[PDB]
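Protein chains in written order, with my numbering: chain A, 1 to 590; chain B, 1001 to 1295; chain C, 2001 to 2590. Everything on this sheet refers to the single structure shown next.
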Amino acid sequence: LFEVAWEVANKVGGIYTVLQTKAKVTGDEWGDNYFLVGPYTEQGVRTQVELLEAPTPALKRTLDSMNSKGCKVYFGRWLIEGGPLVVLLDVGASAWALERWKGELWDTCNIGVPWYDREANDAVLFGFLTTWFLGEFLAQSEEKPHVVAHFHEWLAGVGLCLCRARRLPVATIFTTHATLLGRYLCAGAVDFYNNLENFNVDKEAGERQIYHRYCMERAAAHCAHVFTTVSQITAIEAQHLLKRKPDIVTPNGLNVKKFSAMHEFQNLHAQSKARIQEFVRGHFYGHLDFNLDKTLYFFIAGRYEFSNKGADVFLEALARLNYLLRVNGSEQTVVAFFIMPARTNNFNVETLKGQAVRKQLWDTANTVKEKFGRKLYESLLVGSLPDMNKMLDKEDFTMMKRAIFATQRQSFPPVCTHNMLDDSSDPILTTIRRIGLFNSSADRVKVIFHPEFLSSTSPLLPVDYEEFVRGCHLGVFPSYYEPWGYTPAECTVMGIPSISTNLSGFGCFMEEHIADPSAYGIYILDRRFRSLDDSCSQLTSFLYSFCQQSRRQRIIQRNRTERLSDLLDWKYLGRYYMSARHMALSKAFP
Amino acid sequence: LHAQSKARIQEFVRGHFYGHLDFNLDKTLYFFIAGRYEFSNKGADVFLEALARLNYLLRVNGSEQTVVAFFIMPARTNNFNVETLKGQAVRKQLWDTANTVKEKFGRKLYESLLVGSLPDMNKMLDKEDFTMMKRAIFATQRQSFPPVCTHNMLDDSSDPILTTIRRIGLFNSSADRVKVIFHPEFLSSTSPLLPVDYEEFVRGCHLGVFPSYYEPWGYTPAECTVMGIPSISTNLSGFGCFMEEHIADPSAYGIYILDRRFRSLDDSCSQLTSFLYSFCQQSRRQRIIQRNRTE
Amino acid sequence: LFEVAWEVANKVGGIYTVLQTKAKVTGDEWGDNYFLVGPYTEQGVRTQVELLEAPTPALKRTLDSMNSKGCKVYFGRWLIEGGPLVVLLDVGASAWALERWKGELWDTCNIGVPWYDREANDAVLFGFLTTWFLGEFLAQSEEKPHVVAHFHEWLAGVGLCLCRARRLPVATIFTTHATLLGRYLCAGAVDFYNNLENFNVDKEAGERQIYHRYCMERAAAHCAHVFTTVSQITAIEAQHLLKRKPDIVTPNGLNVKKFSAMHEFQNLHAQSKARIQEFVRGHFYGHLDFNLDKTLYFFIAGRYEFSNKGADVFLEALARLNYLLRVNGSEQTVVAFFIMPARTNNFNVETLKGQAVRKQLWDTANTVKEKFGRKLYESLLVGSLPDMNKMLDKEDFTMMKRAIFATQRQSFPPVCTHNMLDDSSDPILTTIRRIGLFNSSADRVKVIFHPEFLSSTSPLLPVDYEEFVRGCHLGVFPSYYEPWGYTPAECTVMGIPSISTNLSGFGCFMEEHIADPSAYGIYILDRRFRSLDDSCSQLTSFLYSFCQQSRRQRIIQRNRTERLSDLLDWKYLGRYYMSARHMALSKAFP
Ligand SMILES: O=c1ccn([C@@H]2O[C@H](COP(=O)(O)OP(=O)(O)O)[C@@H](O)[C@H]2O)c(=O)[nH]1
Ligand SMILES: O=c1ccn([C@@H]2O[C@H](COP(=O)(O)OP(=O)(O)O)[C@@H](O)[C@H]2O)c(=O)[nH]1
Ligand SMILES: O=c1ccn([C@@H]2O[C@H](COP(=O)(O)OP(=O)(O)O)[C@@H](O)[C@H]2O)c(=O)[nH]1
Ligand SMILES: O=P(O)(O)OC[C@@H]1O[C@@H](O)[C@H](O)[C@H](O)[C@H]1O
Ligand SMILES: O=P(O)(O)OC[C@@H]1O[C@@H](O)[C@H](O)[C@H](O)[C@H]1O
Ligand SMILES: O=P(O)(O)OC[C@@H]1O[C@@H](O)[C@H](O)[C@H](O)[C@H]1O
Ligand SMILES: OC[C@H]1O[C@H](O)[C@H](O)[C@@H](O)[C@@H]1O
Ligand SMILES: OC[C@H]1O[C@H](O)[C@H](O)[C@@H](O)[C@@H]1O
Ligand SMILES: OC[C@H]1O[C@H](O)[C@H](O)[C@@H](O)[C@@H]1O
């Protein structure tokens, strides 16, 4: 098996997660005949990969057959023990002969990549290197086994045509997880779901680009022995646009972390929410005028797509929910996070300063705490109950007064934790300042935009993504166009209720698998049969309905949402890959 | 008190010089010049010239000693800069990561001691904690040099201190034997960074250099000597004049009286450099004895 | 060099400390030609010794020359890096032929050991083994060097006669640190210092025993090329009783631990006194009616000799000082420790229970402390100064009341921390209950008898001896008969003022080395020209005078006492051993 892809060592939301979750089961069920191919980027990928430059059995012949011939191929383990013997390929090591590879592409399939975008050039170069490695392996192994080559996305789709030109006896499977042409039309301010058969692919390809990419994608789909897509909705645009109906639907699964107790995810949520509460206390210093027990943490994560990931409708719903909470005289407050990576330069002074003063207050309270504890210990040793007024003197009251005065703040807490280099052109900040949300005292919702992926080694918010998601209360992902949707998937795996859409692969998958959804925390939101304003109103209604329920109802809802983890497990969802491999073997050679 | 305050200053230095802790901290001496922001009156130009010269001698002498010189002179700022707060944040993030590995190691060691078997030291730490230590080490990697000013001043092109610092080529580099930290604000016990009031910080330093040209009496050296810290006064100062005829043979009690009346500016700078180097050469025992004599 | 002795691996107050302190300088000045010989006891001595059974250079010939011949010889390092290549000898391994060794002793010097005491039989067996090892080494080394053999005490004195019988060409030095006959006459309720020339050695030897021991000691003194003693007072009884005037006086030194700062011993004293204060709070639970800042810690340590170490006079002085402190209306209190090992079975329930309730109160105060700190942190985060009455609720007051009630105690704290198996015959407890000292509320002095050596791994008092001594305030050692005195020596080395005697080697040594003593914390107490009652009165006066001075005076006195460490340093006191070695070399062979 060869699961060649571009995201194996570099962290990107797509491809990387599905491969990392699949590797364990796909290796334990099959064995050491599982091989993974990907690129090399000088970004720290070697930190997570245990490279094996020295010769190693289980395809030891290529190391002394081709490595010392002007190429660069490594063998790694990934630090994940699913037996993922990964074949890492360097991109910049072999780039001096791009002209001959372009000529080879011209001879074979009249395709290639223009010099405008280096991403696709690197993808094609990696495809050439992968094809050379696979051919060398077949030559060295005397063609005794019939290996199956599987391809993900267009970043590794040139392998299909390269192998078909050379007629290598392998079973070809191609699985596209996102028709990028659909992605770039859905961002073109044009309706995409009302009609699909009225699109002219060649006319649209090129004004927004995606002409060579579309051509190579369709060539791979046609020439691949087995074609596959993520959701049933994915197959719909695949057969209507690429004119190649997928052989079988292959829903995306996850490696659920089973605990010895059913309620351990609740404890993880409690701890992570405590950490988020510490961050909130840091950010809203001098403005802690709202109860923190009535605070709910909403969030929308993923790549920074405004109209595709559904951030405009979420912000409109947040403004409306703020208006209803203000006019209803409610003590509930909602802190909404926005984890969408936009380029910054560093943090702003306000956020780091807020964390600093929060922990300075923590230190001052600690000091008074040890002094009080020592005096109380003396009193208990003597045998007299404290009268509570003889312990604290004038100096510690003086320093508490000084600390309180130092934390006084007149400006409002910032909406962005980082210092972005383009604030006049950022959609999120623009609409935030348009809808009049500035974390004010009167505001019932507080927006925090964290334009960066979460990491466990960050100066502020020392939580990785999974822990932070476990800490939140509701994940709102009203995405207009996205094939499957991972973020709601692990939200429901970790027990957090989520707001999906009927235009999403996750929402569609959970639509017909459960009778009466939204009773299990899956607030499916209709975006196909409703206008934008109606969808915003429905999102506001869903948010308010989540707000009105008490703590017991929230706990019960989280339990019900967690109970659905078995649907997205790779044990249940891995059978489709096995079926695809069986069809590929039957088509190529029994 | 000096030991505790120097420990706090060491924590601040570790925060500021994160990813650049290539110098021994036991060979680090903390000089400072405090008071109101007068350049030619409080003697900040001559101090910076002497700092540059002492850096040159320490570099050409192959010395392991390093000197961190503080400049507490209030100039109007707007807030801190991102680099300094970020440095404190990553320092205490490393502290938290080391703490986490520390509790895990302590629990495993407690289990081993309860069983009755001496640790073999390789069965305790697994792959995950090594992974997070590697990630923490990578996160603290830094390519830019530590800043010379902890705050964000609104006029850097017209500040005398920063101008002469960038003129004398001092940027807290790895090769630099002296590191300059300009803190344009009075110290306070309730500050987000450096949570020390002025007296505690002065107790933590090693030598207070106040080569003031014109000032009537001089308080800063007075409480420096009251708290035991050796000081460098001048014969144009009221404190220096007062201590001149009250003690036979000064500079044997930590009062490095510096002549600025009968000497030119260059000669005064050379004498200040000689005094700084002489303070640098003496060992820990000599420093302790000198602090006792000054107290 | 061969510093053969019985206390090299087993912990005994004498011999062990002097050898362990000397080894560093005597090895750094000379080198790897330094060899140490001692016995083997199955008591954990191998834990502190890195045995080298495998062959090792620097006398590698004996390992393959004699070890595989029915004997048992090891090579060790001691874990002390003074280069102490120690030659460890097993005692029980070679004991099957004691009859032939007894016959050899009869042939050589008409000496030996009767079967009443196994200590001296083991000593003689170890002496035979040492002589065999030394002879084998000379045979293997072709007698190229002229090694010097030095002997300590009568536990290794048979080596002198054994080597003299065989006429081995070595330079013999013998250093007796205690004339044991003097020790056992001074405990016989007979005056010993008024006259020395009127004693009949043979008549006294045997009724109290020490006949064979005395004979072999005097034979070693006569036959040794160089004879040496600890103090000038030691030489006095040596020449008047053994009839062999020592060649030179060899005062006992110590390896002083120099710190980078002069005042570090003050900080060590502060920390150790804090630990002793924790122990006192544990022991006196429910009876902490006295200020702990006015508490002074006196102690008398060493082996359990009542009339020789001066414990009766110390207890009489403690009772008198208690009477004066009571009638003077003083707030000062004195806790007097008695570290004298007597056999026990385990601790008593009261002391362990007291430590337990002390740390239970510590835990309860801690719990209230975290609750208070969290509430205070919330208040400071809000921005409001605490009003100090809204934080503590009824439950934590309830548990503080319950804890206070649980620590109520009606019986007085015990005087002995352990459970001794003979309380009706213990001199210390007998005189304590006679002088009416029971740690009462009215008592101004509190006596704690700890019948065991201090250790760092004890369930209570987790302090080794040096740390505890650093923590105390005054070491009272009014010893009647003891040759030199180590305990006051390291008391003054570590800065603690001490009360020595003019009958002591340390007191005599410090008498003529400093003008006007007792101005440096050395309270020399006259016991030769004064009666017992007068000595007790002088001790009471010294204790009261120490009590009256304030904290500043105590600190200054500790500084002055610490300044005298250079007198007892081995650098200054090691020249006498060098002189003795030079005389031995001159007498044996130039
Ligand atoms: O701060 C973040 C936010 C998102 N993700 C990852 O990004 C993926 C989102 O994938 P999705 O299919 O939702 O959309 P994509 O970002 O791939 O377009 C999830 O698997 C997350 O694990 C992350 O690692 N850190
Ligand atoms: O960070 C600082 C620096 C200086 N000072 C005070 O400023 C005074 C300096 O007075 P001096 O006579 O040296 O000169 P002045 O500043 O009055 O001109 C000293 O007493 C210090 O206590 C302070 O409080 N904090
Ligand atoms: O709790 C104790 C008490 C005493 N000692 C040691 O016992 C020795 C006392 O020797 P000294 O010459 O005072 O009298 P000895 O006990 O040898 O007769 C000192 O060196 C101490 O180090 C000890 O290790 N722990
Ligand atoms: O954050 P909430 O919705 O109020 O949930 C409250 C918390 O949920 C879970 O983490 C646990 O059951 C906690 O015990 C509970 O306090
Ligand atoms: O900072 P230094 O000059 O090296 O002084 C070293 C320190 O001085 C004092 O604070 C104390 O004596 C400390 O015990 C000592 O370690
Ligand atoms: O126990 P005392 O005799 O009262 O001595 C008091 C203590 O002595 C030394 O340990 C130190 O100087 C301490 O700073 C001091 O508090
Ligand atoms: O369909 C699988 C997932 O990965 C894809 O590459 C897309 O980035 C994401 O939107 C999709 O949900
Ligand atoms: O002379 C007394 C002190 O206070 C004065 O006001 C000056 O500011 C200062 O330089 C002087 O040393
Ligand atoms: O004289 C040296 C020291 O060790 C001796 O063996 C005695 O036990 C002790 O009292 C003496 O002070």
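Cβ coordinates follow ideal geometry from the N, Cα and C atoms, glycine included.
Spell out the partners DSSP gives B:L1029 in its beta bridges.
B:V1067
Does the Cβ-Cβ distance between C:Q2271 and C:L2292 come in under 7 Å?
no
Integer Cβ distance of B:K1134 from A:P459, believed to fall under 8 Å:
Not really, about 18 Å apart at Cβ, beyond 8 Å.
Any C-beta of chain C sitting closer than 7 Å to the C-beta of A:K369?
yes
Under a Cβ-count criterion, where at least 16 other Cβ atoms within 10 Å of its own Cβ denotes burial, should A:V382 be classed as buried or exposed?
exposed
Going by the beta-carbon positions, is the gap between C:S2498 and C:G2485 smaller than 7 Å?
In this structure, C:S2498 lies away from C:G2485, with their beta-carbon atoms at least 7 Å apart.
How about A:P39 and A:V91: do their beta carbons lie closer than 7 Å?
Yes; because the gap between Cβ atoms is below 7 Å, this pair is in contact.
Taking A:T295 as the reference, give the member of A:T17, A:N322, A:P478 with the closest Cα.
A:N322
What do you get for C:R2281, buried or exposed, if any count of 16 or more other CB atoms within 10 angstroms of its CB means buried?
buried
Can you give me the start and stop residues for the alpha helix (DSSP H) that A:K203 sits inside?
201-204
Between B:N1099 and chain A, is the shortest Cβ-Cβ distance under 7 Å, so that the two count as touching?
Judged by the 7 Å Cβ criterion, B:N1099 is not in contact with chain A.
On the DSSP letters alone, give me the boundaries of the beta strand (DSSP E) that A:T176 sits inside.
Membership of A:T176 in the beta strand (DSSP E) is indicated by the continuous run 171-176.
Could you check which residue in B:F1012, B:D1045, B:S1174, B:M1243 has the C-alpha nearest to that of B:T1066?
The shortest C-alpha separation from B:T1066 is found at B:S1174.
Specify the secondary structure class of B:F1201 as computed by DSSP and reduced to three states.
helix
Distance check for C:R2100 and C:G2135, CA to CA, integer angstroms please.
18 Å
To which residues of the same chain is B:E1083 closer than 8 Å at the C-beta, ignoring the five residues directly before and after it?
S1144, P1146, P1147
Hey, does C:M2388 have any beta-carbon neighbour from chain A nearer than 7 Å?
yes
Going along the chain, which residues of its own chain have a beta-carbon closer than 6 Å to the beta-carbon of B:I1072, five neighbours each way excluded?
So the list reads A1034, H1183, once near-sequence residues are dropped.
Closer than 6 Å to a non-hydrogen atom of ligand 1 - does that hold for the CB of A:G14?
A:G14: yes, Cβ under 6 Å from ligand 1.
If I follow the unbroken beta strand (DSSP E) through B:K1179, where does it start and stop?
1178-1182
Cβ shell of C:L2162 (< 8 Å), same chain only, five flanking positions each side left out
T2108, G2127, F2128, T2131
Let me make sure I understand the geometry here. Which of C:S2586, C:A2519, C:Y2481 has the alpha-carbon closest to that of C:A2187?
C:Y2481
When you check each C-beta in the segment 1062-1077 of chain B against every C-beta of chain A, which residues fall closer than 7 Å?
With the criterion set as a beta carbon lying under 7 Å from some beta carbon of chain A, the segment 1062-1077 of chain B has no members that meet it.
Any chain B beta carbon closer than 7 Å to A:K245
no
Proximal residues of chain A, C-beta to C-beta of C:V2382 below 7 Å:
By Cβ distance, chain A contributes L288.
Where A:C71 falls: helix, strand or coil (DSSP)
coil
Just curious, the alpha helix (DSSP H) that residue 622 of chain A is in, first and last residue?
The requested residue 622 of chain A is not part of the displayed model; chain A covers only 1 to 590.
Check the Cβ of B:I1288 against every Cβ in chain C and list those closer than 9 Å, keeping chain order.
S2260, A2261, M2262, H2263
What in chain C is Cβ-close to B:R1203, meaning under 8 Å?
Result: empty, since nearest Cβ-Cβ is about 15 Å, beyond 8 Å.
Opening and closing residue of the alpha helix (DSSP H) in which residue 2668 of chain C lies:
Absent from the structure is residue 2668 of chain C, since the part of chain C shown begins at 2001 and ends at 2590.
Tell me whether B:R1166, by its Cβ, gets closer than 6 Å to a heavy atom of ligand 4.
no
How is C:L2063 classed by DSSP in three states: helix, strand or coil?
In the three-state reduction of the DSSP assignment, C:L2063 falls in the coil class, being assigned neither a helical nor a strand state.
Just to confirm, is the Cβ distance from C:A2205 to C:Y2214 under 7 Å?
yes
If you drop the 5 nearest sequence neighbours on each side, which residues of the same chain put their C-beta closer than 8 Å to that of C:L2288?
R2281
State yes or no: is the beta carbon of A:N346 nearer than 7 Å to at least one beta carbon in chain B?
It does; some Cβ of chain B falls within 7 Å.
Who are the Cβ neighbours of C:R2560 in its own chain at under 8 Å, not counting the five residues just before and after it?
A2519, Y2520, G2521
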